[PDB]
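Below: the structure, in structure tokens.
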Amino acid sequence: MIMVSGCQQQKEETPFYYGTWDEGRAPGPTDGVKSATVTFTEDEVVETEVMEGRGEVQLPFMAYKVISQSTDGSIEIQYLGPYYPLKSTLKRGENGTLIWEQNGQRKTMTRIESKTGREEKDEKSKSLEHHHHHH
């Protein structure tokens, strides 16, 4: 018998960075939210942190521009807003993850399974905050 080979290529776009990623590490102080998820939108990035008693809370969306890009390898982007001059690096990871590098820190993000062919709208919440989950 034989194993039927086949690979082809997708003409439909598949951006490896697009989606929702889990930053579900260990929590911190009052401003150290239990978990976080990052949502990548069209030209804006939306951060979400899951707060005890509040649930998922979406932060003010940050605009980004693509400086350099690959079809599937690494991506170089720069933010817009109060934190615009600091660019970030993105790379593909193992299993199906995204490697987010910022400030010299290397973060491995896992992709959550959602929007699998279903409209999922963002939420808008204005929070007066200075929360900083950090190492």
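Quick rundown of the values:
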item	result
Amide N of the stretch 71-97 lying under 14 Å from the label point, which is placed 7 angstrom from the Cα of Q9 along Cα→Cβ	71-73
Positive minus negative residues near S74 (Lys, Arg vs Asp, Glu; Cβ under 13 Å)	+1
Over the stretch 18-113, relative contact order from alpha-carbon pairs under 8 Å, at least 6 apart, %	19 percent
GluC sites (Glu not before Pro) within the stretch 87-135: DSSP coil, no more than 16 neighbouring Cβ in 10 Å	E94, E113, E119, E120, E123, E129
Centre separation in Å (Cα based) which lies between the stretch 1-78 and the stretch 85-119	5 Å
Sequence of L59, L98, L80, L128 once ranked by neighbouring C-beta atoms within 10 Å, starting from the fewest	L128, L80, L59, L98
15 Å beta-carbon shell around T97, net charge (K/R +1, D/E -1)	0
Along each principal axis, Cα extent of the chain, largest first, Å	62, 33, 29
20 Å Cα-Cα threshold exceeded, pairs from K34/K107; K65/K87; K11/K107; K65/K124	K11/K107; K65/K124
Residues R54 and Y83, FRET efficiency given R0 of 30 Å [Cβ-Cβ distance, rounded to 0.05]	0.80
Residues whose placed amide H lies under 5 Å from that of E49, excluding near-sequence neighbours	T37, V57, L59
Table column - 3J(HN,Hα) (Hz), the stretch 76-90, Karplus curve with 6.51, -1.76, 1.60, x for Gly and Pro	10, 9, 10, 7, 10, x, x, 10, 7, x, 9, 8, 10, 10, 10
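The numbers here are math on the coordinates, done by the rules we state, and not lab data. Don't worry about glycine lacking a Cβ; one is built from the backbone with ideal geometry, like all the others, and counts go over all protein chains shown.
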